[PDB]
Structure formats: structure tokens, C-alpha cells
Amino acid sequence: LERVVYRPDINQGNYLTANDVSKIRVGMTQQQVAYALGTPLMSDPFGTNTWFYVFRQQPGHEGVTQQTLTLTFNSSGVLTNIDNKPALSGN
Amino acid sequence: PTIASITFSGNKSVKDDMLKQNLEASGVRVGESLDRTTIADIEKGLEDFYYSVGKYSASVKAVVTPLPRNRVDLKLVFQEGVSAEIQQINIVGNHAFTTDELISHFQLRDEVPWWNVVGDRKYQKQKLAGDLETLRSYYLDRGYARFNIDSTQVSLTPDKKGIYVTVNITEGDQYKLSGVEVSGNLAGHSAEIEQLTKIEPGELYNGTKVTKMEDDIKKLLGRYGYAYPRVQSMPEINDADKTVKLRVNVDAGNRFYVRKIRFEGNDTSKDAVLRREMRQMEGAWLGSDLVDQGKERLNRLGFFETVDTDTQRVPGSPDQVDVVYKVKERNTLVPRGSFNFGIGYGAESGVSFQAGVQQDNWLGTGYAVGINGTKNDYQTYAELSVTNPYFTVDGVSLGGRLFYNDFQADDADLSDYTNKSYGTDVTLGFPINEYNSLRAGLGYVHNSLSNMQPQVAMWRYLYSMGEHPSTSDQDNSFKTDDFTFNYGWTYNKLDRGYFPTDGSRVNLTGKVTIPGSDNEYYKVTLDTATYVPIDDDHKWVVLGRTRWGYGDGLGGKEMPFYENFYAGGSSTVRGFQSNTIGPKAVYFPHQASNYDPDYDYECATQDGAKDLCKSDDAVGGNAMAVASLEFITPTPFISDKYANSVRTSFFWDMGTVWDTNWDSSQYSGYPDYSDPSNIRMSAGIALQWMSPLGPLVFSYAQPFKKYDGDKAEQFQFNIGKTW
Amino acid sequence: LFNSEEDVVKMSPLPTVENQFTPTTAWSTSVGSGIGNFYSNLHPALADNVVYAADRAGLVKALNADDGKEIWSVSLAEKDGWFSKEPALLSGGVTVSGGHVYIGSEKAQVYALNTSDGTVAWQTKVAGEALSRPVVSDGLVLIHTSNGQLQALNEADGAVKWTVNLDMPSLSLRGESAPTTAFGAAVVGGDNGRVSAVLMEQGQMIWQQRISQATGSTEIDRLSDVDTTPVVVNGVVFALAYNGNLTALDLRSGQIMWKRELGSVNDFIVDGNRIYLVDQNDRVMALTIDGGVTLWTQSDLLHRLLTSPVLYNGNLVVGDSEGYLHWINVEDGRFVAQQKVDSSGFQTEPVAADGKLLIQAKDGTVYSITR
Amino acid sequence: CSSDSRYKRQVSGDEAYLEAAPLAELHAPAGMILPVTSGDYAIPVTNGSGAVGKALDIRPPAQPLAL
Amino acid sequence: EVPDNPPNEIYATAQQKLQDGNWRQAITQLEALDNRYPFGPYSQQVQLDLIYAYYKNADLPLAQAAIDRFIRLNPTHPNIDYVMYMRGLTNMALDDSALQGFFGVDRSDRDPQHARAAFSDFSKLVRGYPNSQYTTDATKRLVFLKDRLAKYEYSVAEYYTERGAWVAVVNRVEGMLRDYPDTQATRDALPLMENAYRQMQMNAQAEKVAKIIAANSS
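Residue numbers (the entry's author numbering), protein chains in the order written: chain E, 23 to 113; chain A, 92 to 423, 423A to 423D, 424 to 810; chain B, 22 to 392; chain C, 25 to 91; chain D, 26 to 243.
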């Protein structure tokens, strides 16, 4: 299964450079979030006005690295929810 | 009235179709409403078109006849005298150069040099504008930052055929690039942008250099994911210092994300075979280099005649983009890749056939399959190959091939014997880099031999193998069980996967017998092809190709002859019978134990000589070296580079095969195969056409350097090879 | 491969051979390498028995008119400096007055050469190549350029005195028209159908009676009209149009005195009342200044690429690009004589002065003719 | 050209649409809202009486004529 | 090919040839009739006959071009329903290319552009002209074509699952739910989004999609 082979350095999800992470504040509306972090590439489809920001890489075939940044809004688009995490390991 | 037909005559092939377009612009058309008077009035518009195309001398006439109830048949007749010959290209105000240097870079010409008569000095206004821009780009490249093209003039003579063109220009002075300033939101990538900006302040200003600076800034911003940044370059100029400070203004914009990867035009190639060639992943920040590598991989795979890339901003969304790969499939719905009809044809008065299918469309499990059944010389050889280039999407390929082979020796340079061979190979291949592939494989072969006419080269192997056969007997039998560690190595980087233009391919194949195998030997093969765009323009190409091979016995058994190398086929060395090249099969004298009086079999002693004997037969060689240098050009025809992408080449081939174990000392009385300097050569013309059936190949190449017994054929034809 | 169907429109065959008088060459000399497949106004000149001639390479020759004895010769070609040697690429006629010889060039330079000496007096840069024959007027040299700009140069030192722009289209035929001066003003023609007059001082515009009558819907039909040297008498201007309308104009104002349907015309010479004119269809006709009425017309040399016509020894005389020379009767309107003098090319116009008739071939050789 | 002179209506390929295409619906569990159908790719109500392609005629209608 | 016979005779013989199934000569004859007599009232009928002949003669690009031409000439016409059905059928037929796919392999994940355009055209037909006789077969083709599009999306989702571009898998399955909610393809796809959401450690979202699959297992 696990072997040395040129797995083509998959990138996944948005980019969460630390500066743009620090840009976010709880008082924002969806427009400010979109401006600061870019459009959410994973909008929550199942009812809740939740935006998921995922920053995932797997350089080569070793050391999966990911950040998950979860945002939620009221029906008006006003934000009050933040979860910020480094992901668990993979290969 | 209405017109049953509109016809054009006298046209010297000058855009006949546009004549109908001119009428359409004039408001007339087949069956359209026009009368005789307006026809004469509109014919002036045809004169207008031929004036626009450069045929200023042209004038047009109309001929018409009504059908008995006012339905019209129309002919249009043209006068199209010589015109638009540029008798001069003049540049005035120039003081930095001799004009001849400037005009020589134009597409237009004043006097076509007899040294190389290319094209003709015929005027075309759009090309005049293009050449004006080339002149400006030359002056800015040389460094005259203030250069200006002022009121270009075009003149024709009181006899209209004579044209000459004048350009007034102003120069100022060439300016130093005293410094460069870059400003804007670079998103922290300033350090690398500066490395792009790096210049010695003593450097002379250069328009092309600043343009490439903008290009490379765009490139770097694209790699990190800024698809469409605003990039501006603006000069800051002082004429008293005669130097230019340079300003670059950049807005990195948004990090663009690829919402969709869309493949279009592949009506039969399953989407997976395109998508797994992607380096840029969907739902990830864009990488311009990643998308370009995806395009390059699609081209390299060779499945697709054309590959085009478009990046589209998602409608109404600020930063998301769709990436669209538009392709045209090879073989255009002819089933099973390129149908490999393999042929033996040329100057040789002999016939050979191969039949096979290739590539993509195969059933049930996503594999790619190749089949081949052949008779070559008097051999019978069949094989089945089953392959999956992606055994798992990580990139590791898996491949297994089965084959059966038979030998009968009714001349065709096939040495007198009867032999049967069959075997299998199981293969794995996993890329180690984007441009490297490494392979491992296990192979199994069994052989049985009979009617063994005695033969020194083969008998060297048989004698050393043990169970040494009895000389002078026409019949001897031998058997072999074989297991082999098949292995290989590859480097592949090519524009397209066919008719390449740039890059190189290196393919190394080698096998070694694992103990328990009877043969106890190893052999190595190297294949190499290199391409170069002439003048760094890929429309004009030159190909360098070489093959190398060696094989020796680990336990002193040298190599079994039935895995010896060969050359002579159009794939390896044009201009020879497929396997005639190299060492020739010297027989022993023998007493025809098994024989047929209907055959003049080589050197059967009851009829032939009673000593060691030459013949046209070839045993190949346990070593090989082959080289080819090729020159590629267009050749217009109703089917051409644009309509069908046909290729034609001028080339030279160098080929040589030698046996490392020929007893040069003991056998001084016969040709000494031990030295490779017995080089064969051939050179000439080759043609290739991607017919819907598959790649046809045509070539005439006289074997102008030759050795004893090489069965020449200055011309050769075949179809397929697929790769 | 493809050569079987090249297309060319034919010229009329040579006229009748019989001649009332037999012309003969007095002398001929090679000025230098010829114009070749090249088209610019460049013709010999005469003043006080000394011939002046030149050609594209830059060679200039001064010769006696009774016989071809050279007075002096000089080459205006650039010093090579071991790089690509540059020929003068000479063009724009030859003119003489007092102590100087004025020559244009296909490049920016206009050269002033001494008559008694080969010495270069001065050379000045002008806006665009001086394809036009320079003219002398009241201490100045007036020049018209391929770029449509007219320059006046101080004859004493060659310095530019003024510049005047004449508009031209992107496809302006041959950008050539030699101005003329009389009554204290200088007439000029511009490629954009603009016959105009200038004060010949401070570059002051007088009037611009532009000929819009071309009305060319297609660009070639809208080919630049005027390229000819206008002439003046009694304060009346006469001008020509390659595609448009011949017209006679007031010189005080620009208003029309007469206008004619004649296009396809590039050269003419004037008798006291009869215009003698050459069509680019190579039709030759005599027209009254008043009313534009025809004394005589013939077209036997149709499409022969005629030279400009000149009046010499009581005959109208004109050449052609084929190599033949023809005399036409002044008022009978028929060939007086016909001759062949060259095999290569005879395009540039003849000059008649001081009792001589001079011509320069398309292939670099001058001839002195008499009849 | 060679053929049996029939199938004047069908495509050269598989007319599988005639069968094996039931539009199985999807149902939302309580407490979750599924994403909206988003426009064009909904199929409206249909009469259901018209014939299907194995018998239905695809020749152009008999338009009236004049000249 | 065909001389200047009267338009009526040409049309009658061309109709006969259509009934004889002489598709090539039929196409030539109607093309000649159109070229010589495009002005007369026969043009529209000739246009429809050309449309049908191009489609059946397997000249699909020319059939589509003729359909476009007819629609441009006739924004309103008693047969527009038939011509729109013909456009849909032409773009549908452009997919099923040859025999080897017929017996060999499924052809659902090669290219949706032809299928998607055909589906849009059939949608126009069914929505605008429901009472037309062609509605029902158009509806069946719409159902099959939508299923085929959903299977293409599923065949992309499966690839991205194998490679592991989990964000791509989630996005693709969400798009399928948005566009093709009522198909077997998406019903089979959701068990794959359930894995994709969990691979990214997004437990609650995976739980919600698991809730959906629990009910829709029916």
C-alpha cells in the first residue's frame, strides 16, 4: 500500500494564510468574510447558513496537513460562530 | 430576378470563395434578387476586393443569360494582371543603423536574395502594420526608448503594378535602465518579484526585457494563484540624463479558486483518462503552472490531436474560475486507438504482415490493450498485451503480456533452423518524478529448438551452454526454461505525444535471468529521442535519435541468440531489410541429415562447401548502436500541416551491430564481427500521415554506406507503430 | 508548377514607321548605374551649354552640350567605414541656377552642388524624402516630399525657412509634385487632391481649391489625384489629376476658371493657348486652355507608359517605357517621326532647352537628340 | 452504404432511453433542508399519452404548400 | 447533380426518395431545390425536409445548422415544436457514436456538452409546448438524459474520491444534489460524500449526510 511514488502534491480547499485568518472578527457580515478570505469553497448545503473554510495539503505522499476554519451566520448573514483547528495526521 | 447560378472565371486561384462573400456584402447571392444593371454596378465591388488584396490592376466583367421566364444564370469574369510588387522599402530619418539591417527583418522585401530565394516581394497592408510594429520593437529592444514611427507612407506607380513603401522614424538616443521600481499589493511576494526585476543599472533599456518582466510577474502571481492580476509597466524618463527609470504597478487581486474542471470534445475517451493527468486539483487554489502541466500531460499522453486551455471567471462570482480543457481525439472515432496494420514493403521483393489494435477503448475494467499477430520473414509471432497505465490513481501502472513465437527458415535472411518460443511478462511502472518513470517486471520464457543447422555464432552459445551439439549434423535439439527480472527506466518530456517539437524521450529496458533460469545472462537496452525547435519556433523541428544495447552472460554463458538485437526496420534504421544488418550467419559444413532437395539450403555439404560458410542470413548481435539525425519540414497540399498535420522529414541514419564474442583471432579467414566500426548508413526522405486508420509511414533512403550481405532496400513503407 | 497562366495587360504595338524627318542621336554617355526597376523623378538639366545629370547610385555628371565632354563628376555615396556601404539612393530631379546644382534624394538629404565645380556646397535634412524636383525662386529652394510636407530652404546656406503640410492618404500614388512660382506666389499640389498656392514667404497659405470631384468610393478609385508640375500664365493656374478632373484655376483666388473630365493624367506642357497632355492610358491630346476643347487627340501608344511631353523643334515629342521615341505634329495631331534609342527603359521625362533635347534612360545612359 | 433499409427513425447508437430510466425521488429527513433544485434541470409535468420513439414518427409534419 | 426541373417535380421526387430511404440522393435533391428556389413558399417545407434528412443521414452538424437556420427564419411557425424536438434529438444522437460502445461499454462519462445542450433544448420544448404530440417522448428522453448527466457527475466524484481531493468530492456531490437531486446517480453518490466529509474530520456534516442516506436508503 504505502510506497515511495510521485503522488502529485494535491492541494485542496481555500488558502488560510495567517494574516487573513487574523483579519476575521465576530462583528462581520458575509460580505466582509468574503472580502477577507475569498469566497467559501465549501458552503454548507444542508439548511444552516454555515461557511466552511478548509485549507488542506499533502506534499508528496507523506504528512497530510490541514486547517479547518468553520463560520456560521444568521439568516441575515451576520456572523457569530468561529472554530479554528489544525487537523489530525494522515499518512 | 432570381439567379439559378453565379459563377466566377479567370481567377488565378486568388480567394475564389471571398468573391461570393463580396457579393453577399453587395446584397446578392445564388437565387437572390438582382438585375442586369445592378449586376454591372456591383461588379465594381469585385474590383474593390481585388484592389484590397493587392491586385490593383484588376478589373472585373459580368456575363449573364436569362432563362425563358426571367430566371437568370450569371458568370463573372476577372482581369487580374500582375500587381503589388514592392520595388522598394524605404526608411527615412534613421540615423542609428543602416536601413538594410532594418528592412531585412520585415516580412516584406525589396529584393529577394538569390542566396536563399524564400517567398516573394508581394505587398500586404496588414503585414506592413505588423512589420511596423517589428521595427518599433527592434528600436525599443536596441534601447531607443523615445523611438517613434511617424506617418508611414505607401505609394504605387502611375503604372499600378509598382509599389514602394516609406516609413519616417525618429530616434532620440538609446537610454540606460537607470533603475526599476515595483509598487502595489504584492501579497508578500516582493522578494521574488525583485529577483525578476534584478538588473545591472548600466544595462541599456529594452522594451522586450520589460515586456518579459511583466510576463514573468504575471507568471509568478499565477503560480501562487493570482489568475488575473493588474500588471502595469510605465517608464520614467529624463532626456538630459538619457536614462529611463522604470515603474511597475501591480494589483495581485484575489486568489482564484478552480470551482470546475471541465473537459470538452472527448466524445469517446473516458473522462478519467483526462482527469488523472491533471496536476491542478479541483476545489483548490489555482496554479497557472499546474494548469499548464495538465495541458502538457494531456499533450504528452498522445490521445488528443489538439489541447486548448481556457480559464473562465465564474459568472457573477468574484474569484472562482472554471478551467476548460478542449481537445480533439486521435483517430476521430475509428475504433480501438490506431489500427496497427503492420507491413513489410519497400524495394525488397518480400512480404510480411502484422495486425494489431491499440490504446484506449477496451471493455469492462478501464485497461488499455494491445494485440499483435505477425509473420515476419518465415517466422510466426503472436502476442497479447494487457495494460492499465493507472493500476491505482497514484500513478503506478501495471502491465502483463503473453506471446507465442515460431521459427521457419526459408531464407529471408533467416538462418536455417526450426525453433519455437513462448513466454510472458508481468510489469509494474511507477513515476518517480513528473518527468520520470521507473519499471520492474518478472518474465517467463520457454524455448524448444530442432532442425538445428550447425552455425558458429549460435553454437557458441549452445557449446558453452552444455549439451554441446554434434557438428556436421543438420539436426540437433535443445530446450530452455527461463525466468527473468524484467526492469526498465524512462524519462519522458515532449510537446504532443506524436510528431514532437521539443523535449526528449529516454527509454531504458533491461532484463537479467534469476538463477534457476537456464540462460544465466543479462542485457541492457537504451532508447533516446530528442527534439529541438529550429530558431526556437516549434513549427520547424530537428530530431536526434539513438539506440544502444549490450548483453553478456553472468555465468559465462554469454547470451542466447534468440534475444539478440537487430536493426533495419523503418523504426530503427531506414533503408534495409528488417533484420539483415549486422553479423552474418556463418554455417558449418553438414551432411543434410534432415533436408529437402527442392531447397538450395545454405551450405549443405552434399551440395555446398565442406568448410565454414557465409550467407545472407543475419544472427543479429549481442551489442548494438544506432543513431539518427532528422530534419522536419512542411509540404503543402490539399491535405497539409493545417488540414491534416502531415509530417515529412529529411534524415540521416547511422546503424551498426557487432558481436562481442566473435573469435577475431581464431577466425581470421572470415569477416571480423568484433569491431563496431563497420558502420552502415542511409539517408533520404520520410513521410508520415495520420490517416483515420492510423499513422502511415513512407520513406526513401538509399543505404549509401554498406557491408557484405546487407540486403538493401532504398525505399520502405509501413503503417502504425503508434509510438 | 504554376507558371502557365501569369496575367498582364497589353500595350498597343508600335505606331507607323514612316517619318517626315529622320531624328538622330547627337551623343550619348553613361552617367552611371541606371534607375532600374525603380520609379522616381530624375532627369537631366541644362543651363548655358553645360549638362547636369545624375542617377540613383549618387553619381553626378556635368557635361558639355555640343558634345559629351565631361566638366566634372562626383559621387554622393556615403563612406563605408568598412560597414555596409550606403548609396545616395538619389531621386528628385536636377535643377541649376547661378552657382549651384540642386538634387534631392530618396532619403532625407537634399544636396547642393556647384556648377563650375564638383564641390558640395551644402546638404540639409527635410521631412521625408524629396521625391519631387526642387525648384528655385527668389533666393530659396522649394521642395515637396513623399511625406506630403513642403519645405523652403535658404538658397545661400540651405537652412529651412518654413514648412507647410499637405495632407496625403495612406495610399497616395507617387508622393511627388513640383511647385512653381509666379506673380509672387508658389503653386503646389498635394496627394490628397489639394492644388494650392503659398506666399513663397513665411510659409503663408493663400488658397486651397481642393479637388473633391474624384468621389472614389473604393480606395484605388480614390487614388491620390494630383502629382504634376502645375504651370501659370496670365495669373491662371493649370493642374492635373491622376484620377479626378483637370482644372484651370485663378491664381489670385483659388476659384475655378475651367474644369474637365480628364483623369489618368500626370504630365503636360503649355502653348500660348494649347495644352499638350499625356494620359496614363498614354492617350495624347491637345486641349485649349479656354473651355477645355480638343484640337486633336490620338491614342496609338495606349498603355505604353509615356514620358512627359515637351515641345521641341516645332514638334511635340514624347518617349515610352518600351524604348522608343516619337514626334507628334503640333496641330495636325499625327506622328511626325518615330525612333528607337534604348532597349532597357526610358521612363523619366525629356527636357528641352538651349536648343537641345536631352533624355535619361531607365538604365543609366543619357542621350542628346536632334531632328 | 449497406443496411437493412429500415430504422428510418432511430439513431445508429443505443436507444436505451425507452427503458431503465425511472426518476427515483429524494426525500428530506426531518430537521435538515436539502439544497434547492436550481432552475433548468427540473422536468415539468407531461401528458403521458404521446407515443414513444419505437413507434412514434419523427418525419416533419405535412405543412401546407403554395407557389 | 440535379438539373433545373420545376420545383414541384423536384419536391415530389425528393419526397418519394425520402420514402424510399435514399437519404444521400434525397439530401442532394432537397439541397438543389433550396439553392435554386429558396425564395418561394416551398422554402419552409424544404427546410423541414432537409432537417429530417440531415438527422437521419447521420449528418448531425449539418442537421443542427439547418435547425438553427429554420429557427432564425421562423421564430413562430406551426411546426416549431417539431424542429425543437429535432434539435434535441440531434444533440442527443451526437453522443451514441458507434457499435463498440453499444456492445462493449457504458458511454455515460465521455462528454456532457452534447447531452447537456440536448437536455436544455428538450426542456425548452416540454416547457413551452406541453400540448405538442412530441412532449411525452421528449419527457422520457429528458429523464434519461438527466440520469446520464448525473452519472457523469458521479463518475467525476468517484475519481476525486480515489485520488482523495475530498473538497472536490464534497463540492461535486453538493452540485449534483443542487441540480440532479431526484436521480439514482446522486442516491448512490451521497454514500460517497459521507466518506468525503469524514476524511476531512468534519464530523457533524458527515453525520447530517448520514442522516440523509439513512432515510433515502429506501
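For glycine and all other residues, C-beta sits at the position ideal for the given N, C-alpha and C.
Using a C-beta to C-beta distance shorter than 8 Å, which residues of chain B count as neighbours of residue i?
i	result
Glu171/A	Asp28
Under 7 Å between beta-carbons, which chain A residues line up against residue i? List them in chain order, please.
i	result
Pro30/E	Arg370
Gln138/D	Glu355
Compute the beta-carbon to beta-carbon distance between residue i and residue j, rounded to the nearest angstrom, for a pair I have assumed lies under 8 Å.
i	j	result
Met545/A	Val706/A	6 Å
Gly771/A	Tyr787/A	5 Å
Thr90/E	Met109/D	About 48 Å; that fails the 8 Å criterion.
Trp93/B	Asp138/B	6 Å
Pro84/C	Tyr107/D	6 Å
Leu174/B	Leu161/B	6 Å
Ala75/B	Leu63/B	7 Å
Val257/B	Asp271/B	7 Å
Grab the span of the alpha helix (DSSP H) containing residue i for me, first residue to last.
i	result
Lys417/A	First-last for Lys417/A: 411-420, but that is the beta strand (DSSP E), not the alpha helix (DSSP H).
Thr128/A	127-143
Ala86/B	Unbroken run through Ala86/B: none, as it is neither H nor E.
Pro30/E	Looking at the DSSP string, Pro30/E is not in any alpha helix (DSSP H), and its letter there is neither H nor E.
Can you pull the chain C neighbours of residue i, defined as C-beta to C-beta under 8 Å?
i	result
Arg203/D	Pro59, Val60, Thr61, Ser62
For residue i, which residues in chain C fall below 7 Å Cβ to Cβ?
i	result
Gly69/E	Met56, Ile57
Report the partner residues of residue i according to the DSSP bridge assignment.
i	result
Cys700/A	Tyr674/A
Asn103/E	Answer is none; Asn103/E lacks a bridge partner.
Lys383/B	Its beta-bridge partners do not exist; DSSP assigns none.
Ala207/B	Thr202/B, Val219/B
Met56/C	The partner list for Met56/C (beta bridge, DSSP) is empty, contrary to what the question assumes.
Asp401/A	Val415/A
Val245/A	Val256/A, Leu192/B
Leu774/A	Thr735/A, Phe785/A
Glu355/A	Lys417/A
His121/B	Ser118/B, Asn135/B
Could you list which residues in chain C have their beta carbon closer than 9 Å to that of residue i, in chain order?
i	result
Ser180/D	The contacting residues do not exist; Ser180/D stays about 17 Å from chain C at best.
Hey, quick one: how far does the beta strand (DSSP E) through residue i stretch, first residue to last?
i	result
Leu272/B	Counting along the chain, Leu272/B falls outside any beta strand (DSSP E), and DSSP gives it neither H nor E.
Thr511/A	505-520
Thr50/B	45-51
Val331/B	331-333
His347/B	345-350
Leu641/A	Counting along the chain, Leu641/A falls outside any beta strand (DSSP E), and DSSP gives it neither H nor E.
Applying a beta-carbon distance threshold of less than 7 Å, which residues of chain E neighbour residue i?
i	result
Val483/A	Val27
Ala190/D	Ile32, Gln34
Verify the contact flag: residue i, CB atom, against every heavy atom of the ligand ADP, threshold strictly below 7 Å.
i	result
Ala78/D	The ligand content of the structure shown is nil, which means the ligand ADP is not present either.
I want to verify the contact list: residues of chain B whose CB lies under 7 Å from the CB of residue i, in sequence order.
i	result
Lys103/A	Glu26, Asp28
At 9 Å on the CB atoms, spell out the chain A contacts of residue i, in chain order.
i	result
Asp134/D	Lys361, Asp362, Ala363
Name the chain A residues whose beta carbon is nearer than 8 Å to that of residue i?
i	result
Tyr75/E	Ordered by position in chain A, no residue passes the 8 Å Cβ test against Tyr75/E, which lies about 11 Å from the chain.
Residues of chain E with CB closer than 8 Å to the CB of residue i, please, in chain order.
i	result
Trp376/A	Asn33, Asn36, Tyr37
Next item on the list: Quick one: which unbroken beta strand (DSSP E) runs of 3-plus residues sit fully inside the stretch 464-495 of chain A? Chain order, please.
Entry: 466-479, 483-494
Check: Counting only runs that start and end within the stretch 777-810 of chain A, where is the beta strand (DSSP E) found for 3 or more residues in a row?
Finding: 781-792, 802-806
Note to self: My parser needs the alpha helix (DSSP H) runs of 4 or more residues fully inside the stretch 509-584 of chain A; what are they?
What the structure shows: Correct list: 543-552.
Checklist line | Complete runs of the beta strand (DSSP E) confined to the stretch 424-449 of chain A [at least 3 residues] | finding: 427-433, 439-444
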